[PDB]
Amino acid sequence: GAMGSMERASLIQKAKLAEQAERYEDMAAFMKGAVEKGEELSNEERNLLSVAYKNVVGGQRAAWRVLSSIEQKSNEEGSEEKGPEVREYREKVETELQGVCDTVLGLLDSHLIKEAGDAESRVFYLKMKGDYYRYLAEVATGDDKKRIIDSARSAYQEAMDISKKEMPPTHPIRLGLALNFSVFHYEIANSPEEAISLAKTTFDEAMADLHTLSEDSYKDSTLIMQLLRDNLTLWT
Amino acid sequence: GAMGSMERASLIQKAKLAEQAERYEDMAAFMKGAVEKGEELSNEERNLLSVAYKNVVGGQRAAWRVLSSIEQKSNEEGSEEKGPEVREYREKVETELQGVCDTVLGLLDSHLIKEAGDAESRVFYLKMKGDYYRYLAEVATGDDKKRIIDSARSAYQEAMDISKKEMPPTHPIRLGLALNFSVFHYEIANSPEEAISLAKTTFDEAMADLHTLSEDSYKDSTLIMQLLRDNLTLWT
Amino acid sequence: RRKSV
Amino acid sequence: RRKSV
Ligand SMILES: COC[C@H]1CC[C@@H]2/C1=C\[C@]1(C)C(=C([C@H](C)COC(C)=O)C[C@@H]1O)[C@@H](O)[C@H](O)[C@@H]2C
Ligand SMILES: COC[C@H]1CC[C@@H]2/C1=C\[C@]1(C)C(=C([C@H](C)COC(C)=O)C[C@@H]1O)[C@@H](O)[C@H](O)[C@@H]2C
Ligand SMILES: [Cl-]
Ligand SMILES: [Cl-]
Ligand SMILES: [Mg+2]
Ligand SMILES: [Mg+2]
Ligand SMILES: [Mg+2]
Ligand SMILES: [Mg+2]
Ligand SMILES: [Mg+2]
Ligand SMILES: [Mg+2]
Ligand SMILES: [Mg+2]
Ligand SMILES: [Mg+2]
């Protein structure tokens, strides 16, 4: 419950309709229900799961940043005292964002990761685990900040090790994972040199493998390679 | 509750922050809380109330249309039978949309309209009443459809009568009300001739009054006059 | 799409 | 803004 009474296939069908309607909260709730059926997810289903939550949490993160910026300006010299409301409402949004991250991490831990044996599924779920600890790290300010950062790092690193052993350098999941791990280094771990080196090496190793691909695979890989390039251009 | 324990001024301040963060559901919930304090709303507060709900319901309406279109295609000749899911999920979105409209109509009836004595507030709230019955009319398919359409009509008409007596022809609320009443005629009441005549007369009566206005008021009125013109161009 | 406000 | 995916 509340998706307990709906057929797994109906949850998946509804998740696709919610995506078409840009109803990402519904899409995420339907995919949560589908995972909770206990069966492993197909490639297409892992994509739906990831898209639903990435959109939900992306909206909360963009809102948190807006409110954080306002709260920071309220704490500058000569800003007029406006009471607790800005902090309260930033905390409300922050708490809801944390709940979403905790829900995704819960799904991964119970029991997506442990039943994921193929590289494409294992690396995908570990990247999500890195990503959702990373979003928790974006808002973390207390005793646990270091441990949350290290949980993001450890998950990304385990996914990196598997992807390097088991997937070609042009695999979209390999390239997406490196893109995100490189962002983690740059803006969470205060290691811009590592972020740059990772984005560079990843781009160049994929460049050299392009010649093995079909036209369609070439399009898939070069799309994410351009995101690596956009970040290198921004950072250098 | 759940906004019962928050100060009215804090609800208003948070509504403005939610607007900046594009968090329209929160903005609407904060404005509902503010109305439920029982005091009348200022001009600026009526704007926040209207903006919050117009955005919430606009997202639900756009989603309903996406799903309705899909459901219609599923009912065409030679479409494959895909089960009840499309209809169920369209009904879910439709029910939630109806609940939002009922909540706004509830606020207007308890007790915004009855305490609104000035033309600018009375006409504003009656336009909202017309608008939310109109959204209910967009989805209505049964025994009550005619009564829901007539409730939209009666509210728009009472607002039209007051606005014509009490407000200049260039007033943004007068112009917005006519724009929406003209849309009601065109696509709800199957009276495109009435919609056209209303948009024309409204535009021309405002044109002739522009010369009385300051530069800023001129900008305000001409903005909504252009929406009247866009509809006339579409419909003729 | 027709305009409303 | 930097890209992630
Ligand atoms: C857990 O991380 C998932 C993330 C890693 C890289 C990428 C991811 C997500 C989604 C599902 C895809 C794209 C492509 C960039 C664009 O879509 C297309 C046409 O391929 C963006 C989407 O969010 C998939 O398609 C990719 O194959 C691949 C799984
Ligand atoms: C109940 O119907 C409210 C609706 C009637 C016309 C218009 C309405 C809504 C809002 C609040 C406004 C605009 C302007 C078109 C754009 O904003 C500016 C800069 O004026 C779009 C906003 O939704 C107000 O500003 C207008 O003064 C006026 C109250
Ligand atoms: Cl709050
Ligand atoms: Cl449903
Ligand atoms: Mg079953
Ligand atoms: Mg001062
Ligand atoms: Mg906190
Ligand atoms: Mg397995
Ligand atoms: Mg008080
Ligand atoms: Mg067939
Ligand atoms: Mg219904
Ligand atoms: Mg009064």
# chains A, B, ... in the order shown; residues from 1 in each chain; ligands from 1
$ residues_around --residues "segment 13-16 of chain A" --least-positions-apart "3" --cutoff "8 Å" --atoms "only C-alpha atoms" --output "list in words"
residues 9, 10, 19, 20, 26, 27, 28, 30, 31 and 48 of chain A; 85, 86 and 89 of chain B
$ write_last_selection --atoms "C-alpha atoms" --output "PDB file, in the first residue's frame"
ATOM      1  CA  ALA A   9       2.329  -4.088 -14.931  1.00  0.00           C
ATOM      2  CA  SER A  10      -0.402  -1.455 -14.264  1.00  0.00           C
ATOM      3  CA  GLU A  19       5.857  10.750 -17.460  1.00  0.00           C
ATOM      4  CA  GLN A  20       3.916  11.848 -20.619  1.00  0.00           C
ATOM      5  CA  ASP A  26       2.885  10.306  -9.408  1.00  0.00           C
ATOM      6  CA  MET A  27       5.465   8.654 -11.674  1.00  0.00           C
ATOM      7  CA  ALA A  28       7.793   8.187  -8.682  1.00  0.00           C
ATOM      8  CA  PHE A  30       4.057   4.335  -9.177  1.00  0.00           C
ATOM      9  CA  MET A  31       7.706   3.212  -9.639  1.00  0.00           C
ATOM     10  CA  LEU A  48      11.637   5.036 -15.353  1.00  0.00           C
TER      11      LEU A  48
ATOM     12  CA  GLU B  85      -5.258   1.992 -16.612  1.00  0.00           C
ATOM     13  CA  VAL B  86      -5.596   5.065 -18.869  1.00  0.00           C
ATOM     14  CA  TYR B  89      -5.214   7.497 -14.078  1.00  0.00           C
TER      15      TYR B  89
END
$ residues_around --residues "residue 177 of chain A" --least-positions-apart "6" --cutoff "10 Å" --atoms "only C-alpha atoms" --output "list in words"
residues 123, 124, 126, 127, 128, 130, 131, 156, 157, 159, 160, 163, 171 and 183 of chain A; 4 and 5 of chain D
$ residues_near_ligand --ligand "ligand 6" --cutoff "7 Å" --atoms "only C-alpha atoms and all ligand atoms" --output "ChimeraX atom specification"
/A:78-80
$ write_last_selection --atoms "C-alpha atoms" --output "PDB file, in the first residue's frame"
ATOM      1  CA  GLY A  78      22.679  45.675   7.202  1.00  0.00           C
ATOM      2  CA  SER A  79      19.901  43.285   6.089  1.00  0.00           C
ATOM      3  CA  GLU A  80      16.677  44.021   8.003  1.00  0.00           C
TER       4      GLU A  80
END
$ interface_residues --of "chain B" --to "chain C" --cutoff "9 Å" --atoms "only C-alpha atoms" --output "PyMOL selection string"
chain B and resi 54+176-177+179-180+183+224+227-228+230-231+234-235
$ calpha_fit_and_write --fixed "chain B" --moving "chain A" --output "short mmCIF file (atom, residue, chain, number, x, y, z; two decimals) with C-alpha atoms, in the first residue's frame"
data_model
loop_
_atom_site.label_atom_id
_atom_site.label_comp_id
_atom_site.auth_asym_id
_atom_site.auth_seq_id
_atom_site.Cartn_x
_atom_site.Cartn_y
_atom_site.Cartn_z
CA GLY A 1 -4.77 23.61 10.96
CA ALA A 2 -2.66 22.68 9.51
CA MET A 3 -2.03 26.42 9.03
CA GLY A 4 -4.05 27.21 12.16
CA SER A 5 -0.98 27.75 14.33
CA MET A 6 0.92 30.05 11.97
CA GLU A 7 0.64 33.84 12.05
CA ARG A 8 -1.30 35.40 9.22
CA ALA A 9 1.66 37.64 8.30
CA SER A 10 4.04 34.61 8.32
CA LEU A 11 1.67 32.73 5.96
CA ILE A 12 1.74 35.71 3.57
CA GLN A 13 5.55 36.03 3.80
CA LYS A 14 5.91 32.26 3.13
CA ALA A 15 3.47 32.47 0.22
CA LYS A 16 5.78 35.05 -1.40
CA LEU A 17 8.85 32.86 -0.83
CA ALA A 18 7.04 29.81 -2.29
CA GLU A 19 6.17 31.93 -5.34
CA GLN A 20 9.90 32.86 -5.77
CA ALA A 21 10.76 29.18 -5.47
CA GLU A 22 7.97 28.17 -7.92
CA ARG A 23 6.46 26.00 -5.19
CA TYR A 24 2.85 26.64 -6.10
CA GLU A 25 1.24 23.89 -4.04
CA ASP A 26 2.93 25.32 -0.90
CA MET A 27 2.01 28.86 -1.98
CA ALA A 28 -1.65 27.81 -2.29
CA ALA A 29 -1.65 26.01 1.03
CA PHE A 30 -0.16 29.11 2.72
CA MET A 31 -2.76 31.42 1.08
CA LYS A 32 -5.60 29.03 2.08
CA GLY A 33 -4.28 29.30 5.64
CA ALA A 34 -4.22 33.10 5.36
CA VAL A 35 -7.81 33.29 4.11
CA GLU A 36 -8.92 30.94 6.87
CA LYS A 37 -7.71 33.55 9.43
CA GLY A 38 -11.02 35.22 8.61
CA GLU A 39 -9.80 38.73 7.84
CA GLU A 40 -10.41 40.30 4.41
CA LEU A 41 -7.51 40.22 1.89
CA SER A 42 -5.68 43.22 0.54
CA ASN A 43 -5.17 43.75 -3.25
CA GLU A 44 -1.68 42.21 -3.12
CA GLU A 45 -2.98 39.24 -1.05
CA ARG A 46 -5.87 38.57 -3.46
CA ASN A 47 -3.24 38.47 -6.23
CA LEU A 48 -1.17 35.87 -4.31
CA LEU A 49 -4.23 33.73 -3.65
CA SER A 50 -5.22 33.78 -7.33
CA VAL A 51 -1.68 33.17 -8.65
CA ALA A 52 -1.12 30.15 -6.32
CA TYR A 53 -4.27 28.33 -7.37
CA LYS A 54 -4.13 29.33 -11.01
CA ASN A 55 -0.72 27.66 -11.21
CA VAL A 56 -1.71 24.53 -9.30
CA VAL A 57 -4.85 23.98 -11.31
CA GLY A 58 -3.15 24.95 -14.60
CA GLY A 59 -0.67 22.08 -14.07
CA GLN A 60 -3.52 19.60 -13.31
CA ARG A 61 -5.54 20.81 -16.34
CA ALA A 62 -2.57 20.46 -18.72
CA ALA A 63 -2.01 16.90 -17.32
CA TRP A 64 -5.69 16.01 -17.65
CA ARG A 65 -5.64 17.12 -21.28
CA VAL A 66 -2.59 14.94 -22.03
CA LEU A 67 -4.32 11.89 -20.46
CA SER A 68 -7.73 12.65 -22.03
CA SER A 69 -6.10 12.74 -25.48
CA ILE A 70 -4.44 9.38 -24.82
CA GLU A 71 -7.71 7.89 -23.57
CA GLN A 72 -9.50 9.19 -26.70
CA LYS A 73 -6.92 7.60 -29.01
CA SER A 74 -7.41 4.28 -27.07
CA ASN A 75 -11.12 4.47 -27.91
CA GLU A 76 -10.57 4.83 -31.72
CA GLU A 77 -11.23 2.06 -34.24
CA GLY A 78 -8.47 -0.52 -34.39
CA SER A 79 -6.72 0.70 -31.21
CA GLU A 80 -5.46 -2.27 -29.16
CA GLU A 81 -7.28 -2.86 -25.83
CA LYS A 82 -4.87 -1.83 -23.04
CA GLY A 83 -7.11 -2.26 -20.00
CA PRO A 84 -8.51 0.23 -17.52
CA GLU A 85 -5.26 1.99 -16.61
CA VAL A 86 -5.60 5.06 -18.87
CA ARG A 87 -9.13 5.77 -17.68
CA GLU A 88 -8.15 5.12 -14.01
CA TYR A 89 -5.21 7.50 -14.08
CA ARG A 90 -7.17 10.21 -16.00
CA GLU A 91 -9.88 9.82 -13.28
CA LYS A 92 -7.25 10.11 -10.51
CA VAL A 93 -5.91 13.39 -11.98
CA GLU A 94 -9.47 14.55 -12.68
CA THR A 95 -10.54 13.90 -9.07
CA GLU A 96 -7.57 15.82 -7.69
CA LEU A 97 -8.27 18.74 -10.04
CA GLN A 98 -11.95 18.74 -8.86
CA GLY A 99 -10.78 18.79 -5.25
CA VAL A 100 -8.66 21.87 -5.91
CA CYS A 101 -11.56 23.64 -7.60
CA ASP A 102 -13.85 22.69 -4.72
CA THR A 103 -11.33 24.01 -2.20
CA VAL A 104 -11.15 27.43 -4.00
CA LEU A 105 -14.91 27.63 -4.34
CA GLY A 106 -15.17 26.79 -0.64
CA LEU A 107 -12.86 29.69 0.25
CA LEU A 108 -14.87 32.06 -1.91
CA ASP A 109 -18.13 30.90 -0.35
CA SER A 110 -16.75 30.77 3.22
CA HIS A 111 -16.38 33.76 3.45
CA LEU A 112 -14.52 35.86 0.90
CA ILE A 113 -17.40 36.87 -1.36
CA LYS A 114 -19.88 37.82 1.29
CA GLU A 115 -17.50 40.26 3.01
CA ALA A 116 -16.19 41.79 -0.25
CA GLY A 117 -17.89 45.25 -0.60
CA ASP A 118 -15.50 47.17 -2.90
CA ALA A 119 -15.81 46.64 -6.67
CA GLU A 120 -12.16 45.59 -7.04
CA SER A 121 -12.52 42.82 -4.51
CA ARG A 122 -16.05 41.71 -5.38
CA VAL A 123 -15.37 41.47 -9.10
CA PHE A 124 -12.01 39.72 -8.52
CA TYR A 125 -13.59 36.98 -6.34
CA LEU A 126 -16.56 36.52 -8.68
CA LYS A 127 -14.19 36.13 -11.65
CA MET A 128 -12.31 33.38 -9.63
CA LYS A 129 -15.70 31.76 -8.90
CA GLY A 130 -16.47 31.79 -12.69
CA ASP A 131 -12.98 30.45 -13.44
CA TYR A 132 -13.14 27.49 -11.02
CA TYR A 133 -16.65 26.45 -12.13
CA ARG A 134 -15.32 26.75 -15.65
CA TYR A 135 -12.48 24.27 -14.84
CA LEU A 136 -15.03 21.93 -13.30
CA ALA A 137 -17.04 22.36 -16.56
CA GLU A 138 -13.98 21.35 -18.63
CA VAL A 139 -14.03 17.84 -17.16
CA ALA A 140 -17.77 17.45 -16.47
CA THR A 141 -19.55 14.74 -18.53
CA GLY A 142 -22.69 13.82 -16.52
CA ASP A 143 -26.08 14.90 -14.97
CA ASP A 144 -24.61 18.05 -13.42
CA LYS A 145 -22.75 19.44 -16.45
CA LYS A 146 -25.47 21.99 -17.29
CA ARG A 147 -25.71 23.25 -13.72
CA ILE A 148 -21.93 23.58 -13.42
CA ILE A 149 -21.84 25.59 -16.70
CA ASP A 150 -24.65 27.82 -15.46
CA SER A 151 -22.79 28.44 -12.16
CA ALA A 152 -19.71 29.60 -14.16
CA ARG A 153 -21.98 31.79 -16.30
CA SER A 154 -23.88 33.36 -13.35
CA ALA A 155 -20.71 34.25 -11.47
CA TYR A 156 -19.03 35.77 -14.59
CA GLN A 157 -22.22 37.68 -15.38
CA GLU A 158 -22.54 39.17 -11.85
CA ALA A 159 -18.87 40.21 -12.06
CA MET A 160 -19.46 41.71 -15.55
CA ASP A 161 -22.43 43.75 -14.30
CA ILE A 162 -20.52 45.18 -11.31
CA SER A 163 -17.35 45.87 -13.36
CA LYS A 164 -19.29 47.74 -16.02
CA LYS A 165 -21.02 49.92 -13.38
CA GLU A 166 -18.03 50.49 -11.09
CA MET A 167 -14.71 50.20 -12.92
CA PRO A 168 -13.16 51.92 -15.91
CA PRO A 169 -13.04 49.99 -19.19
CA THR A 170 -9.26 49.75 -18.93
CA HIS A 171 -9.21 48.21 -15.40
CA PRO A 172 -6.93 45.06 -15.57
CA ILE A 173 -9.52 43.08 -13.56
CA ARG A 174 -12.32 44.19 -15.91
CA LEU A 175 -10.20 43.24 -18.93
CA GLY A 176 -9.11 39.84 -17.42
CA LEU A 177 -12.70 38.96 -16.50
CA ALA A 178 -13.89 39.73 -20.04
CA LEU A 179 -11.04 37.75 -21.53
CA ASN A 180 -12.08 34.70 -19.42
CA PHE A 181 -15.80 35.12 -19.89
CA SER A 182 -15.13 35.29 -23.64
CA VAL A 183 -13.16 31.99 -23.42
CA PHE A 184 -16.09 30.46 -21.43
CA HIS A 185 -18.47 31.46 -24.26
CA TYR A 186 -16.19 30.10 -26.92
CA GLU A 187 -15.25 26.74 -25.57
CA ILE A 188 -17.70 25.89 -22.74
CA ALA A 189 -21.03 27.45 -23.80
CA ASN A 190 -20.63 26.69 -27.58
CA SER A 191 -21.20 30.43 -28.34
CA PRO A 192 -18.18 31.48 -30.41
CA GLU A 193 -20.13 34.54 -31.76
CA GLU A 194 -20.72 35.79 -28.26
CA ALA A 195 -17.03 35.12 -27.33
CA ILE A 196 -15.86 37.17 -30.38
CA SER A 197 -18.32 40.05 -29.79
CA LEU A 198 -17.35 40.21 -26.15
CA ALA A 199 -13.56 40.25 -26.88
CA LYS A 200 -14.04 42.92 -29.62
CA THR A 201 -16.25 45.30 -27.63
CA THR A 202 -14.01 44.93 -24.56
CA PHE A 203 -10.86 45.70 -26.60
CA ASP A 204 -12.43 48.74 -28.34
CA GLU A 205 -13.93 50.24 -25.16
CA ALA A 206 -10.53 49.96 -23.49
CA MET A 207 -8.71 51.45 -26.56
CA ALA A 208 -10.91 54.59 -26.25
CA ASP A 209 -10.07 55.00 -22.50
CA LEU A 210 -6.24 54.59 -22.83
CA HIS A 211 -5.79 58.38 -23.10
CA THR A 212 -6.85 58.86 -19.40
CA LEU A 213 -4.01 56.71 -18.09
CA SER A 214 -0.51 57.18 -16.70
CA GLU A 215 2.38 55.34 -18.54
CA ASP A 216 2.35 52.54 -15.94
CA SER A 217 -1.44 52.00 -16.09
CA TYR A 218 -1.22 52.13 -19.90
CA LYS A 219 1.33 49.25 -19.76
CA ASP A 220 -0.91 47.22 -17.37
CA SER A 221 -4.05 47.55 -19.52
CA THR A 222 -2.41 47.11 -22.94
CA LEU A 223 -0.82 43.85 -21.70
CA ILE A 224 -4.27 42.23 -21.19
CA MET A 225 -5.71 43.96 -24.29
CA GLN A 226 -3.09 42.01 -26.29
CA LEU A 227 -4.45 38.73 -24.92
CA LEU A 228 -7.95 39.81 -26.16
CA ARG A 229 -6.34 40.49 -29.55
CA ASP A 230 -4.52 37.14 -29.62
CA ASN A 231 -7.86 35.34 -29.10
CA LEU A 232 -9.63 37.44 -31.76
CA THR A 233 -6.80 36.59 -34.16
CA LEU A 234 -7.08 32.91 -33.32
CA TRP A 235 -10.88 32.84 -33.67
CA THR A 236 -11.39 34.89 -36.79
#
$ select_by_dssp --residues "segment 49-79 of chain B" --states "helix (DSSP H, G or I)" --output "JSON, numbers by chain"
{"B": [49, 50, 51, 52, 53, 54, 55, 56, 57, 58, 59, 60, 61, 62, 63, 64, 65, 66, 67, 68, 69, 70, 71, 72, 73, 74]}
$ write_last_selection --atoms "N, CA, C and O atoms" --output "short mmCIF file (atom, residue, chain, number, x, y, z; two decimals), in the first residue's frame"
data_model
loop_
_atom_site.label_atom_id
_atom_site.label_comp_id
_atom_site.auth_asym_id
_atom_site.auth_seq_id
_atom_site.Cartn_x
_atom_site.Cartn_y
_atom_site.Cartn_z
N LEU B 49 -3.28 34.83 -3.75
CA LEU B 49 -4.23 33.73 -3.65
C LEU B 49 -4.53 33.17 -5.08
O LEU B 49 -4.50 31.94 -5.35
N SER B 50 -4.83 34.11 -5.98
CA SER B 50 -5.22 33.78 -7.33
C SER B 50 -4.07 33.16 -8.11
O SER B 50 -4.30 32.18 -8.86
N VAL B 51 -2.86 33.69 -7.93
CA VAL B 51 -1.68 33.17 -8.65
C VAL B 51 -1.39 31.72 -8.19
O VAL B 51 -1.06 30.83 -9.04
N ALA B 52 -1.48 31.48 -6.87
CA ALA B 52 -1.12 30.15 -6.32
C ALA B 52 -2.04 29.14 -6.95
O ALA B 52 -1.59 28.15 -7.61
N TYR B 53 -3.35 29.33 -6.79
CA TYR B 53 -4.27 28.33 -7.37
C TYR B 53 -4.29 28.26 -8.87
O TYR B 53 -4.48 27.19 -9.40
N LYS B 54 -4.08 29.38 -9.57
CA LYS B 54 -4.13 29.33 -11.01
C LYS B 54 -3.00 28.44 -11.51
O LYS B 54 -3.17 27.72 -12.50
N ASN B 55 -1.81 28.54 -10.87
CA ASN B 55 -0.72 27.66 -11.21
C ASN B 55 -0.92 26.19 -10.86
O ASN B 55 -0.59 25.31 -11.67
N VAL B 56 -1.45 25.91 -9.69
CA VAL B 56 -1.71 24.53 -9.30
C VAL B 56 -2.69 23.90 -10.28
O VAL B 56 -2.44 22.84 -10.84
N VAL B 57 -3.83 24.54 -10.49
CA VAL B 57 -4.85 23.98 -11.31
C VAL B 57 -4.45 23.97 -12.80
O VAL B 57 -4.89 23.10 -13.55
N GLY B 58 -3.65 24.95 -13.22
CA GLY B 58 -3.15 24.95 -14.60
C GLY B 58 -2.30 23.73 -14.87
O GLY B 58 -2.42 23.10 -15.94
N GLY B 59 -1.46 23.34 -13.91
CA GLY B 59 -0.67 22.08 -14.07
C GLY B 59 -1.59 20.81 -14.13
O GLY B 59 -1.37 19.92 -15.00
N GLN B 60 -2.61 20.75 -13.28
CA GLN B 60 -3.52 19.60 -13.31
C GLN B 60 -4.32 19.58 -14.62
O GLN B 60 -4.56 18.48 -15.15
N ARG B 61 -4.76 20.75 -15.08
CA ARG B 61 -5.54 20.81 -16.34
C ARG B 61 -4.67 20.36 -17.55
O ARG B 61 -5.15 19.61 -18.40
N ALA B 62 -3.43 20.83 -17.63
CA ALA B 62 -2.57 20.46 -18.72
C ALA B 62 -2.36 18.91 -18.67
O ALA B 62 -2.41 18.25 -19.72
N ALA B 63 -2.21 18.37 -17.47
CA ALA B 63 -2.01 16.90 -17.32
C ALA B 63 -3.27 16.15 -17.71
O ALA B 63 -3.20 15.11 -18.38
N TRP B 64 -4.43 16.64 -17.27
CA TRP B 64 -5.69 16.01 -17.65
C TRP B 64 -5.85 16.00 -19.17
O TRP B 64 -6.35 14.99 -19.76
N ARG B 65 -5.45 17.10 -19.82
CA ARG B 65 -5.64 17.12 -21.28
C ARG B 65 -4.75 16.08 -21.98
O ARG B 65 -5.23 15.38 -22.88
N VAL B 66 -3.52 15.94 -21.50
CA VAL B 66 -2.59 14.94 -22.03
C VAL B 66 -3.24 13.57 -21.91
O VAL B 66 -3.36 12.83 -22.94
N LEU B 67 -3.73 13.23 -20.71
CA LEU B 67 -4.32 11.89 -20.46
C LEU B 67 -5.64 11.67 -21.20
O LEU B 67 -5.91 10.56 -21.68
N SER B 68 -6.50 12.70 -21.24
CA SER B 68 -7.73 12.65 -22.03
C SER B 68 -7.48 12.32 -23.51
O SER B 68 -8.26 11.56 -24.13
N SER B 69 -6.47 12.94 -24.08
CA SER B 69 -6.10 12.74 -25.48
C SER B 69 -5.67 11.29 -25.68
O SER B 69 -6.07 10.63 -26.66
N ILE B 70 -4.87 10.78 -24.75
CA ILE B 70 -4.44 9.38 -24.82
C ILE B 70 -5.65 8.44 -24.73
O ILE B 70 -5.77 7.44 -25.50
N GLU B 71 -6.55 8.74 -23.81
CA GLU B 71 -7.71 7.89 -23.57
C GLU B 71 -8.58 7.90 -24.83
O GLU B 71 -9.12 6.85 -25.24
N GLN B 72 -8.72 9.07 -25.44
CA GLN B 72 -9.50 9.19 -26.70
C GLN B 72 -8.89 8.34 -27.82
O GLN B 72 -9.60 7.57 -28.47
N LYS B 73 -7.59 8.44 -28.01
CA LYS B 73 -6.92 7.60 -29.01
C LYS B 73 -7.15 6.09 -28.73
O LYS B 73 -7.37 5.31 -29.68
N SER B 74 -7.16 5.69 -27.46
CA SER B 74 -7.41 4.28 -27.07
C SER B 74 -8.83 3.81 -27.39
O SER B 74 -9.09 2.60 -27.46
#
